[PDB]
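Chains as they are written, first to last, in PDB author numbering: chain b, 35 to 42, 58 to 84, 97 to 102; chain N, 21 to 118; chain I, 7 to 118, 128 to 195; chain T, 7 to 54; chain D, 4 to 39, 65 to 78, 97 to 193, 207 to 216; chain M, 6 to 143; chain Y, 15 to 168.
C-beta: ideal position from N, C-alpha, C; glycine also.
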Amino acid sequence: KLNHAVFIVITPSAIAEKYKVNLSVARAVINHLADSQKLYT
Amino acid sequence: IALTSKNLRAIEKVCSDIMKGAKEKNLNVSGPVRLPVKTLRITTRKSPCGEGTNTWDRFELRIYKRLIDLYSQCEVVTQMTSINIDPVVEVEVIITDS
Amino acid sequence: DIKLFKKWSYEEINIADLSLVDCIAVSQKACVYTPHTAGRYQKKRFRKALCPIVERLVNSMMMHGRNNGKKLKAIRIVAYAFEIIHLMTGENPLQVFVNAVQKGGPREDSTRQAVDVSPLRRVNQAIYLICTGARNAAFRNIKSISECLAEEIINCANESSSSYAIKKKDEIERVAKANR
Amino acid sequence: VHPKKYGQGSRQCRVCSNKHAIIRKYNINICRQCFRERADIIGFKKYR
Amino acid sequence: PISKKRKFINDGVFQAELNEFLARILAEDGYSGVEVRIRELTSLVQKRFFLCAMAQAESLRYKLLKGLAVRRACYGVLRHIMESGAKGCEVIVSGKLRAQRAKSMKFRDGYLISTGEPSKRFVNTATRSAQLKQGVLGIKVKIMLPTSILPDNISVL
Amino acid sequence: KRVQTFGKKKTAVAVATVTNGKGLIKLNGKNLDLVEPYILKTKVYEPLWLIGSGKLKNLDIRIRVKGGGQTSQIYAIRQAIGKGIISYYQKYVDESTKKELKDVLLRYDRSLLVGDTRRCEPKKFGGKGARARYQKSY
Amino acid sequence: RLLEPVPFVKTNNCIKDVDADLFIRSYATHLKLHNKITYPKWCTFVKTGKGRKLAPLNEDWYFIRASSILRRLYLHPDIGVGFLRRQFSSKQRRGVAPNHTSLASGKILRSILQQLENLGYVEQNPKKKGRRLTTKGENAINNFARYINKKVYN
RNA sequence: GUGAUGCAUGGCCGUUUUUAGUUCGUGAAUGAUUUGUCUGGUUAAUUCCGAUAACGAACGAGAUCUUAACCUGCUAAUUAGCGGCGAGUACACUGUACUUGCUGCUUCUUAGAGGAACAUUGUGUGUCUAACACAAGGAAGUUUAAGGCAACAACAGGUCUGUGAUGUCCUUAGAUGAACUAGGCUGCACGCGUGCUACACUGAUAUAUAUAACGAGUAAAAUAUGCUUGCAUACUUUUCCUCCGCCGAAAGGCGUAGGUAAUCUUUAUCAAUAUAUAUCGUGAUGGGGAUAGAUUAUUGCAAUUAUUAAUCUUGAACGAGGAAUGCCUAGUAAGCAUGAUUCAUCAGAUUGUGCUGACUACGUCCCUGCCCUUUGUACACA
Ligand SMILES: [Mg+2]
Ligand SMILES: [Mg+2]
Ligand SMILES: [Mg+2]
Ligand SMILES: [Mg+2]
Ligand SMILES: [Mg+2]
Ligand SMILES: [Mg+2]
Ligand SMILES: [Mg+2]
Ligand SMILES: [Mg+2]
Ligand SMILES: [Zn+2]
Numbered sequence: 035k036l037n038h039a040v041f042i058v059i060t061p062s063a064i065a066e067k068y069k070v071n072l073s074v075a076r077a078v079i080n081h082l083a084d097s098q099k100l101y102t
Numbered sequence: 021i022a023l024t025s026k027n028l029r030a031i032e033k034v035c036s037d038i039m040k041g042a043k044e045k046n047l048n049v050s051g052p053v054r055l056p057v058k059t060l061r062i063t064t065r066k067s068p069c070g071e072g073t074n075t076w077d078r079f080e081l082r083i084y085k086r087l088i089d090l091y092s093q094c095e096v097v098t099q100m101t102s103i104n105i106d107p108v109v110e111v112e113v114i115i116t117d118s
Numbered sequence: 007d008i009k010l011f012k013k014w015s016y017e018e019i020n021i022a023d024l025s026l027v028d029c030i031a032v033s034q035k036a037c038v039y040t041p042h043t044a045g046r047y048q049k050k051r052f053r054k055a056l057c058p059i060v061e062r063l064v065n066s067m068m069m070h071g072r073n074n075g076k077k078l079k080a081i082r083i084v085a086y087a088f089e090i091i092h093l094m095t096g097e098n099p100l101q102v103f104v105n106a107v108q109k110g111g112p113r114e115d116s117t118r128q129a130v131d132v133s134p135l136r137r138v139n140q141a142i143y144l145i146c147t148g149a150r151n152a153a154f155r156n157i158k159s160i161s162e163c164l165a166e167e168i169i170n171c172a173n174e175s176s177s178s179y180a181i182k183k184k185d186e187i188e189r190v191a192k193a194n195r
Numbered sequence: 007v008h009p010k011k012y013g014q015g016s017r018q019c020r021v022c023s024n025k026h027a028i029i030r031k032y033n034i035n036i037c038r039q040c041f042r043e044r045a046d047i048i049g050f051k052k053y054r
Numbered sequence: 004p005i006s007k008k009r010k011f012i013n014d015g016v017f018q019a020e021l022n023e024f025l026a027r028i029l030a031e032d033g034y035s036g037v038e039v065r066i067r068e069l070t071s072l073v074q075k076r077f078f097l098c099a100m101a102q103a104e105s106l107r108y109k110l111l112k113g114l115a116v117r118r119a120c121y122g123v124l125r126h127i128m129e130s131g132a133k134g135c136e137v138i139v140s141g142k143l144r145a146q147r148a149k150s151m152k153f154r155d156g157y158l159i160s161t162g163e164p165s166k167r168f169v170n171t172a173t174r175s176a177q178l179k180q181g182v183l184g185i186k187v188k189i190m191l192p193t207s208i209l210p211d212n213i214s215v216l
Numbered sequence: 006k007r008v009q010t011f012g013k014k015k016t017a018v019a020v021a022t023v024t025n026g027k028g029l030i031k032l033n034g035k036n037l038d039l040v041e042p043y044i045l046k047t048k049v050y051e052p053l054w055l056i057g058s059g060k061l062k063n064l065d066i067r068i069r070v071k072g073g074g075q076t077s078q079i080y081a082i083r084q085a086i087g088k089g090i091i092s093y094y095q096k097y098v099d100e101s102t103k104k105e106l107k108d109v110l111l112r113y114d115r116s117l118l119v120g121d122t123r124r125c126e127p128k129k130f131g132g133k134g135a136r137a138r139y140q141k142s143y
Numbered sequence: 015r016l017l018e019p020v021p022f023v024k025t026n027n028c029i030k031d032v033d034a035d036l037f038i039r040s041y042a043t044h045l046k047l048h049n050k051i052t053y054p055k056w057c058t059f060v061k062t063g064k065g066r067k068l069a070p071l072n073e074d075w076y077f078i079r080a081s082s083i084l085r086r087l088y089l090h091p092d093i094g095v096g097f098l099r100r101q102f103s104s105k106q107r108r109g110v111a112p113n114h115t116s117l118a119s120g121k122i123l124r125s126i127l128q129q130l131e132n133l134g135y136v137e138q139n140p141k142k143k144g145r146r147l148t149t150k151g152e153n154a155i156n157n158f159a160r161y162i163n164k165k166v167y168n
């Protein structure tokens, strides 16, 4: 099991791997950074 | 004029004959237009019983509808139609201005 | 100019195998902009040799029943993988793919005793292996398919036994050795 | 007498009065075995 | 008002019915016909409406009914067919026939093509079930007619 | 002036009317900007790229597509374009240029000029598909 | 996002020369800005068609639908309610029995059409068949498309 | 007589078998018989060649038929289009998108007659025989792909529950005939089939966008008069496909419209996979929709043992499946739907049709099953 959390070189999978998070949260993070598959630097 | 029939070659022959008749005189005849052959397909299962690897057989009664136009008087068209003809080719004449 | 994906040109690519060149044609008429060719690659024995490698990869990806006959999706996935390769682990993705292919073929196989492998067959195996591994990685993980596939490709290029395909190849080789 | 107008037992084969397996397309109303025998005379030729 | 498809099928059905009626009536006739003493027949049709194989079959059936030695009859039929200029024939008679169990008996003369659209074209076939002592005897006659040319031949001059 | 040819992939006949004009190129009433999916877009544009965008500033093109699915339609369109441009060249422009264009097309691939002859084979009884029979348990 | 080097010029005149989804979105936005069309009563807790077994999840889906309808109208000569329903059909998974195609809930569509006619965008033609676009409405749509194109160019 | 008997039969169908096999004339070798019909090569093929106590036939194969494949830019033009052109409505430059009204071309649309591939030319392998492999040309090079047709002989295969094809025996008014009223074929500790749906993230969810092909579509009810809900009389749309307009969350309803059909349903688009953008986020989870509970309809004389449909809710098994075993080689597998058949109503079936379009052979006799020569047999019900 791996119950990831919500309350606390860019791709969603990577984000998930790193800080242990839901991928909706990863997406949100990505969006924030910027401010159906993803690629960011 | 609409020529409905079951037998292709016969129908074709009939069409040819009518064309020939037309070519005599006085007839602005549009060429024979054969229509989309709406094929009656029956897929029956062969074998009365349920024995044997159930083979079907696609029958096809393929009706040939044929169509042809003219600018003429009724009697003349009737005369033209009289090529003798027989029970096989079903003829229908339309004598409308429209 | 002639190009693939309007991005990776494959005039820069290199090979250095001979046999593999003979087998896989990325050539003058096997130039292509997007994998989807409606080519007649299986009406002859060796007509699969003319086939571009990207197309083959896409086909391989296409596997597994509930995802079968979804060419476009596969193509998209491969594009994504290529992009990833370009970005992270920076190199011409085509070159990487080629390297992976070179790596991938088991050179000797077992039979009912050890025998050698034709180049085309080896290439095919490599193509299969890479896709299968990727699929495995994807299945009931989270990661995503494109990312996983990309990772696999990179591993193949490296020639490192962390990925599955390479491991399989190694195993096969070992078996062959044991046989003869 | 009970409603015999809409059901399998309502109508029958033209040929042999059988209520089972009637080709009811195009108002042929022949049970299929019989049709198979008379497909020649009706003008149903097997091509493909 | 009735549609073309519907009409055609109906016509076919009518034809079939007519044929069956003729068969029922004319046990004493060399029947083939289907193109329209006879007065009654005409009346019946009105009420309803608002060399050859079939003939040979009928003849055979009649002979059977009369009560011949079977084989002899078949031979005679074959001879007749030959006389009438047939390139080939075939008769089968299966059923009870003398013994209780089984017994299908072939009677070929000239060559009889079976497979292809040529078969469909260049053979007339017919099937009658002659009811007899303790069941039915099963005629099937098959005649290959004079061709308008067969696909197998390549006649060099 | 104006030239009408077709493409053909599976069922999906794309009829390309190639006329004298400014160089727009369209489908029924829509620009080739659309087609539909972004991925396949290149399969329609490819002949143009091969021949050069300047060569088609003399030639307007309209394309009427009918029948088939998506990919097949695209292929048909491509085929129509390939036949179309070349046909135009053969008539109203020179022969050498036409030949050159043909050569270019050949070098790229088949399917642009010559058609894909494949078509859905009839399903057979005892199964769902053409070959695929049902199942025996013994 | 959409833009790219193409081998031709685009006559950005009518809506058929615009990318669809984006255009629809823009139209929805415009509608919202206006407050030209309402959101009846039942809209906020209805299901768009048998097959959906679930609410829209878009908030301003009605507007989007309306926009789509407009586009459809522009595309075709005379278009009914049934046709519209057919257009906005999806696959209905019947759980265990295999999927069928599912006709949309037509009521909402009808309501939308009514609203449009009230506002003066669509037109029930006594000749021919059911409700096409009204000329003014068409013009407006064209203008909007043009605007969108301009924006994209910018 | 949908009684008994398919081991009494007819016809029809299945399998042996879609494989290549069956037979004759004469000749030759006490008899059954053999030869022909074969050591070999070749073929999809007793298909050919070559050898030869045989030579020569005939059916079967092949040919033929039907489609699908590409052309005549010859034959034809509606109920198909393309233009031609008026009339506009929008915007571009100095044409483009869209509707109403009028009427040379045949590329697309329909469908008749023709054409085209024969291993043609090129090069290999082959008794340089029949033939094969490769290359070019070409729409096409595995008889181009697919069917249809189906010899001889059977099986004691199936079917008398398809038949007024049909024998005998039974039954014939307290009928095993017909007709009516329910009930049952669907009942369930369990075993074996054919399927459907799943087990998720290449995915569900929800919006948006895209785009098929084959098709198939015409005794009961309404309204008024006369009398006691019933009958009688008069009169006319409706019985199937549904456009469209309104009501209805939904299903459906009511009103009307076209269509006896290349005209209308509807088809320059009736579908889903597609694709694009959002919500999820690997958690029996929004994967999954079993089982259940309660309505609103429709069909029907009649819906409970729930016809089906819809709405709300119920959230089961299942984390890719053991022993076994099926199907398949190019528009094929698989996925995705959909038309038709049954149909008063009801596809999870069948049968067609399309759409997305893989992998892997391009062979071999290892298994399995057929066939052949030799061989052995005490089997011939093999
Ligand atoms: Mg033959
Ligand atoms: Mg038996
Ligand atoms: Mg012998
Ligand atoms: Mg044959
Ligand atoms: Mg039962
Ligand atoms: Mg069934
Ligand atoms: Mg087996
Ligand atoms: Mg013995
Ligand atoms: Zn009957």
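Query: Of the residues that make up the stretch 112-138 of chain M, which ones have a beta carbon closer than 9 Å to any beta carbon in chain N?; Result: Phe130, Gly131
Query: Would you say the beta carbon of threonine 62 of chain Y is closer than 7 Å to some non-hydrogen atom of ligand 4?; Result: no
Query: What is the residue span of the beta strand (DSSP E) that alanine 172 of chain D lies within?; Result: 169-178
Query: Where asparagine 153 of chain Y and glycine 134 of chain Y are concerned, what is the direct C-alpha to C-alpha distance, given to the nearest angstrom?; Result: 12 Å
Query: Quick one: list the residues of chain N neighbouring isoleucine 12 of chain D, beta-carbon separation under 9 Å, in chain order.; Result: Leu60, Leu81
Query: When burial is assigned at 16 or more other CB atoms within 10 Å of the CB, is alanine 45 of chain T buried or exposed?; Result: buried
Query: Run the proximity test for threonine 193 of chain D: is its beta-carbon closer than 7 Å to any non-hydrogen atom belonging to ligand 1?; Result: no
Query: Looking at C-beta atoms only, is the number of pairs between the stretch 58-71 of chain M and the stretch 23-31 of chain M that lie closer than 8 Å three or more?; Result: yes
Query: Starting from the N-terminal side, write out each stretch of the beta strand (DSSP E) that is 3 residues or longer and does not extend beyond the stretch 57-122 of chain Y.; Result: 104-108, 111-116
Query: What's the C-alpha gap between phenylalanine 11 of chain I and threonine 43 of chain I?; Result: 14 Å
Query: Could you check if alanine 111 of chain Y is buried or exposed, using at least 16 other CB atoms within 10 Å of its CB as the buried criterion?; Result: exposed
Query: What separation, rounded to the nearest whole angstrom, lies between the Cα atoms of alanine 119 of chain D and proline 107 of chain N?; Result: 38 Å
Query: From the DSSP output, in three-state form, read off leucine 60 of chain N for me.; Result: strand
Query: Return the chain-ordered list of same chain residues with a C-beta closer than 6 Å to the C-beta of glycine 13 of chain T, the five sequence neighbours on each side being excluded.; Result: none
Query: Does the separation of the CB atoms of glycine 87 of chain M and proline 42 of chain M fall below 8 Å?; Result: no
Query: Do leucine 55 of chain M and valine 109 of chain M count as a contact pair if the criterion is CB distance below 8 Å?; Result: yes
Query: Identify the contact partners of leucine 78 of chain I in chain M, using a Cβ-Cβ distance below 9 Å as the criterion.; Result: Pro42, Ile44, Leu45, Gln75, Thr76
Query: Using beta carbons (cut-off 8 Å, strictly below), is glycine 15 of chain T in contact with chain D?; Result: no
Query: Check the Cβ of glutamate 89 of chain I against every Cβ in chain b and list those closer than 9 Å, keeping chain order.; Result: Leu100
Query: In or out: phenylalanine 78 of chain D buried (at least 16 other Cβ within 10 Å) or exposed?; Result: exposed
Query: As a quick exercise: from Y/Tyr88, Y/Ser104, Y/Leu117, pick the residue whose alpha carbon is nearest that of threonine 149 of chain Y.; Result: Y/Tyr88
Query: Excluding the 5 residues preceding and the 5 following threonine 52 of chain Y in the sequence, name in chain order all residues of the same chain whose CB lies nearer than 8 Å to its CB.; Result: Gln129
Query: For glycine 41 of chain N, tell me which candidate among N/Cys69, N/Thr101, N/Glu112, N/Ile114 has the shortest Cα-Cα distance.; Result: N/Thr101
Query: For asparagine 35 of chain T versus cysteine 19 of chain T, is the C-beta distance shorter than 8 Å?; Result: yes
Query: Am I right that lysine 26 of chain N and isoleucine 83 of chain N are in contact with their C-beta atoms under 8 Å? What's the rounded C-beta distance?; Result: 6 Å
Query: What did DSSP end up calling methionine 151 of chain D once you bin it into helix, strand or coil?; Result: strand
Query: For the alpha helix (DSSP H) holding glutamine 84 of chain M, just list the boundary residues, first then last.; Result: 76-97
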